[PDB]
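This report concerns only the one structure given below.
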2 protein chains.
Amino acid sequence: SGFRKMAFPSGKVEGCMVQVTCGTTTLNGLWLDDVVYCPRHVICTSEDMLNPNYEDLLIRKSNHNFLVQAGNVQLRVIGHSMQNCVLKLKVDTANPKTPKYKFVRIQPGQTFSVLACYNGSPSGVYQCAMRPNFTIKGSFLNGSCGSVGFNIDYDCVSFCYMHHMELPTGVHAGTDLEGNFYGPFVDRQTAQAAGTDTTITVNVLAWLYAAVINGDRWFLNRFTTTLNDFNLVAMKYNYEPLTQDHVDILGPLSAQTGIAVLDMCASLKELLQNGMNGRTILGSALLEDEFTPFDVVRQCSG
Amino acid sequence: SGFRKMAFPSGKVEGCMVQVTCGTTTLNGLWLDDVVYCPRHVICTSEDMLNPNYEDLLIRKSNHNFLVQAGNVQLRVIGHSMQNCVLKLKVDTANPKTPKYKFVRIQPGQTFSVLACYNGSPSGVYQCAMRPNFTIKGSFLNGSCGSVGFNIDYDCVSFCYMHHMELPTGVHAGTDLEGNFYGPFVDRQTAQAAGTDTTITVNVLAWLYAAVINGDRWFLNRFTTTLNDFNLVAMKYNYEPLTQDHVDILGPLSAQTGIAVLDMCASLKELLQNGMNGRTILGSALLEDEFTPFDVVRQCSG
Ligand SMILES: *[C@@](O)(C(=O)NCc1ccccc1)[C@H](C[C@@H]1CCCNC1=O)NC(=O)[C@H](Cc1ccc(F)cc1)NC(=O)c1cc2ccccc2o1
Ligand SMILES: *[C@@](O)(C(=O)NCc1ccccc1)[C@H](C[C@@H]1CCCNC1=O)NC(=O)[C@H](Cc1ccc(F)cc1)NC(=O)c1cc2ccccc2o1
C-alpha cells in the first residue's frame, strides 16, 4: 500500500555525469560511450547571450578549449560538433559505465525523473512531468545546466531532457538529448515566457484510480458522463481535452478497479464542480496530475 | 528556483541490493563488505508468524538453508547470526561496490530516502519522514521487505531504515540496520496499530522558509508570538511542541530570510487558525512537514 511521487533509481545515470568547462563557464555533461553531451551555451559569455550566433562562436573554439572532468580524471577532447542546441564533445575514452540507453523526445503530459547535478556531481533525484506548455516545474539552481531527465525500462535508460534555463516564473526549459527545445524557447536572452498552462486530465484520472486501488473511494458517485459533456466541464476548468486514446490508455486501470473510465470522469467532474470540502486524496488537497497511467500501474499493486 | 520532494541519488545503495531466500520466503538484503543484512522473518513460514520464537527457529537452520543472489551470481553463505530483528549472513565475497557507509538510528521528524526493491532489484526512489508515531508513509508492496532507507553525506551513506511490515492503516514499520524497531512494534502477527500521529512543527516552519526563499511571502504577517502561546495553538491542532532546540536549528534559515523564527511561528499560527483560503504554498494546499531544516538548506539557493 501507499502512493509516492517515485523517481527511477538514478545509479545508471549517476555513472554518466561529468563536468564541462569552457572559458569561465562550467556546467554538467552526459558521457555516453566516447561522447559528452552538454548545452551549447557552455561556449557563451554572459554578453554573448543577448544575440548569439552559435556557429560563429563555435568556429572560434578548438578541442583544447574544452575541459571535461569525470570524477578526478581529466578527459581529453578529440572532436567537437554542434547538433541543434547541444554540443557533442568526442573524448578519447569510452565511458565504461555506459548503460544501455536511448534518446527519446517525449510528449507533454509524460513524466520523467530528473537527476539534479552541480559540477558533474549528482545532488538529488525527483520526478516531474512535461507540462502542456512545455515547461517543467523543476528544482534547479545556478550550475544545474546539463542535468538530465530520463525514464528507465528494463535496464535501458531513455534520456528525454537536458536542462538549459529558468524562465521568469521560476519554471524550467530545456531540450531533448538531440538539442531540440521543448516548446517555443530559444537559447538567447529574450522576453520569452511560459505560455498559459493546463492540467493533464488523463493523469488526474490515473491518480484517482491509484486512490481507489489503495482503498479510497469517497469521491466516487453513481453517475456517468459522456466524453463530450465531460470535456465541456474540463474546458471550463482549464483541464486538457480528454481523447478516446486517453480513454483506451486508461483501460487497464478501469479493468482492475471495475470503474468505467467515463464513470471516473463523472467523479472528476463532481470534484471540479464542488471541490474537496476539506478532504484529501492520497494525502493531497489538490488534484494531482504528475502521474501517468503507466506510473500508476508500475507503482500500484495489481 | 523551485522546490521538490528530492531523494538522494540512489546509485551507491543500488550496488548493495541482493535477494535472500529461505524455504519459500524471498526478500531483499543489503550486501556490505562480506555481510548481507535482511529481516529475520525471512526464516518464517506464515504459520510461524503467529507466535514465533526466532532463536528456536534459527537454531534449526544451517548456512546452506540461505540462498543469496546478487544479480546473476549466487553468493555462498559461510556464517549466520541474529542481531535483534535482523539476520546477518556472512558470505564468502566482499561486495566490491561497498560505499563508505554508517548505520544510524534516526529521531522522529528526520527524513530519508527509500530505495524500493523487489527480488534484489531496485524499482524506485522516494523521500519520506519518520513520523512522530514511528511509522513511515511509504509505498511498499509484497516482496519489498528488506528495502532500505538512507541519507547521503559527502559520499558516506548513512543507512537508517530497513522495511519489515505494513500496519492495518497502510503505513509502514521497520527497524534500524541493527534490527531495532522504530516504535513499539514487533515482528509477530498481533493487533498492533499505529498510534495517533502529530504534525512535525519544526519541519512545517522550515518549509515556510523554503517558500519565502523561493519568493512567496503571502502568508507572512506583522505579528510575533511567544513560544508558549505558539505551543498552546500547536497543541490545539495536533502539532508537535516546538522546542528552543528547534528554534536554534531554524537559526540559519531565519538569518538568510531576515524573518525571526517566532515571527514565522506567528505566520503558522495564523495559517492554522484561518486555513489557506484557496491559496497554495510551493504548489501544496496542505502544510507540508516532510522537509527538515537541513533539507531546505541543501535544496534551496543560499
Ligand atoms: C545553467 O547552469 C548555466 O548554463 N550557467 C552558465 C551560463 C549562464 C549564463 C551565460 C552563459 C553560461 C543555468 C541554470 C539556471 C540558473 C538560474 C537558476 N536556475 C537555473 O536553471 N542556466 C542559466 O543561467 C541561463 C543561461 C541562458 C541565458 C539565456 C538563454 F536564452 C538561455 C540560457 N540563464 C537563466 O536560466 C536565467 C534566469 C534568469 C532570471 C533573470 C535574469 C536572467 C536569467 O537567466
Ligand atoms: C515483506 O516483503 C515480506 O517479508 N514478505 C515475506 C513474508 C510474509 C509473511 C511471513 C513470512 C515472510 C512484506 C511487505 C508487506 C507486504 C504487504 C504489502 N506491503 C508491505 O510492506 N511484509 C509482510 O508480508 C509482513 C510479514 C510480517 C507479519 C507479521 C509481523 F508481525 C511482521 C512481519 N506482513 C505484513 O506486512 C502484513 C500486512 C497485513 C494486512 C493484513 C493481514 C496480514 C498482513 O500482513
Side-chain angles (χ1 to χ4, degrees), chain A residues 123-124 139 141, chain B residues 3-8 102-113 127-134 136 149-154 156 158 160-161 176 182-183 197-217 219-273 281-282 284 286-302:
Chain A
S123 74
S139 178
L141 306 173
Chain B
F3 202 74
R4 279 274 184 186
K5 214 143 213 178
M6 206 169 281
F8 290 96
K102 297 200 257 247
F103 288 167
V104 174
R105 183 172 179 76
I106 62 169
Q107 294 282 343
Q110 291 306 291
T111 53
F112 57 92
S113 296
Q127 193 66 5
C128 71
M130 180 57 72
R131 313 288 327 161
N133 71 357
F134 288 110
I136 69 167
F150 60 97
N151 285 101
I152 297 180
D153 191 24
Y154 307 115
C156 177
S158 284
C160 58
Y161 176 85
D176 60 30
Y182 291 102
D197 202 24
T198 53
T199 297
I200 307 152
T201 308
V202 65
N203 288 2
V204 174
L205 290 166
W207 172 77
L208 289 175
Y209 279 108
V212 171
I213 290 172
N214 286 278
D216 205 350
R217 293 177 67 103
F219 48 84
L220 300 180
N221 59 36
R222 66 148 166 128
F223 305 118
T224 198
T225 183
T226 65
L227 189 54
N228 285 17
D229 298 307
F230 175 79
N231 276 325
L232 268 171
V233 169
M235 170 146 314
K236 169 156 144 62
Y237 287 91
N238 210 26
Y239 268 56
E240 284 209 295
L242 192 73
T243 71
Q244 177 65 41
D245 188 59
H246 291 153
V247 167
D248 296 335
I249 291 170
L250 291 165
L253 286 167
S254 192
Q256 168 178 10
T257 61
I259 298 168
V261 176
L262 292 168
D263 292 5
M264 186 75 70
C265 288
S267 174
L268 175 56
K269 168 180 343 169
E270 187 175 281
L271 286 169
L272 288 179
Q273 287 170 349
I281 299 183
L282 289 175
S284 178
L286 294 183
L287 298 169
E288 174 67 55
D289 78 344
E290 290 202 321
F291 293 97
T292 68
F294 181 74
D295 295 339
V296 172
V297 165
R298 173 194 68 131
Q299 183 176 168
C300 276
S301 175

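Atom set for the values below is all heavy atoms of this structure, side chains included, hydrogens, waters and symmetry mates excluded. The chains referred to below are lettered A, B, ... by the order of the sequence lines, with proteins before strands, and numbering in each begins at 1.
When each of B/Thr201, B/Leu272, B/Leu205 is paired with B/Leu287, the side chain to side chain contact (heavy atoms under 4.5 Å, CB included) condition holds for B/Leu272 and for no other. Between B/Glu240 and the options B/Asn203, B/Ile200, B/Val204, a side chain to side chain contact (heavy atoms under 4.5 Å, CB included) holds for only B/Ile200.
In this structure, B/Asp197 contributes its side chain and B/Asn133 its backbone to a donor-acceptor pair below 3.5 Å.
B/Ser254 contributes atom OG, which lies 11.0 Å from atom CG of B/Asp248 (distance to the nearest 0.5 angstrom). Remark: B/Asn214 CG to B/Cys300 SG distance equals 4.5 Å, nearest 0.5 Å. Here the CD1-OG1 distance, from B/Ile136 to B/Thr111, works out to 11.5 Å after rounding to the nearest 0.5 Å. Here the CG atom belonging to B/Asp263 is positioned 13.0 Å from the CG atom belonging to B/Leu268, to the nearest 0.5 angstrom. How far CG of B/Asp153 is from CZ of B/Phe294: 6.0 Å, rounded to the nearest 0.5 Å. Rounded to the nearest 0.5 Å, atoms CD1 (B/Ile259) and CG (B/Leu208) are 9.5 Å apart.
Taking the side chain as every heavy atom from C-beta outward, B/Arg105 and B/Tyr182 approach each other to under 4.5 Å. No side-chain heavy atom of B/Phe3 sits less than 4.5 Å from a side-chain heavy atom of B/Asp295. For the pair B/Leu262 and B/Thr226, the minimum side-chain heavy-atom distance is 4.5 Å or more. Between B/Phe219 and B/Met264, some side-chain heavy-atom pair lies under the 4.5 Å cut-off. Residues B/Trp207 and B/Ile281 form a side-chain contact, since some pair of their non-hydrogen atoms from C-beta on lies under 4.5 Å apart.
Aromatic ring pairs are classed by plane angle as parallel below 30°, tilted from 30° to 60° and perpendicular above 60°; the pair B/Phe150 and B/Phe8 is tilted.
The shortest heavy-atom contact between B/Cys160 and B/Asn151 is SG-OD1, 4.2 Å. Across every non-hydrogen atom of B/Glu290 and B/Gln127, the tightest pair is OE1-O, 3.8 Å. Residues B/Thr225 and B/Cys265 share a closest heavy-atom pair of CG2-CB, 3.6 Å. B/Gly302 approaches B/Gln256 most closely through the heavy-atom pair C-NE2, 3.2 Å. When all heavy atoms of B/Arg217 and B/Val212 are compared, the closest pair comes out as NH1-CG1, 4.2 Å. Closest of all the heavy-atom pairs between B/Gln273 and B/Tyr237 is CA-OH, 3.7 Å.
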B/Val104 and B/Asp176: side-chain contact (heavy atoms from CB on, under 4.5 Å), yes or no, with the steps? CA-CA 7 Å; B/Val104 174; B/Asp176 60 30; over 6 Å; no
Does B/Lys269 form a side-chain contact (heavy atoms from CB on, under 4.5 Å) with B/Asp229? I'd like the steps, not just the answer. CA-CA 9 Å; B/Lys269 168 180 343 169; B/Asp229 298 307; 4.3 Å; yes
Check step by step if side chain to side chain donor-acceptor pair (under 3.5 Å) holds for B/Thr198 and B/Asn238. CA-CA 5 Å; B/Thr198 53; B/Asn238 210 26; 5.6 Å; no
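Judged by the 6.0 Å and 45° rule, B/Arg298 forms no cation-pi pair with B/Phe291.
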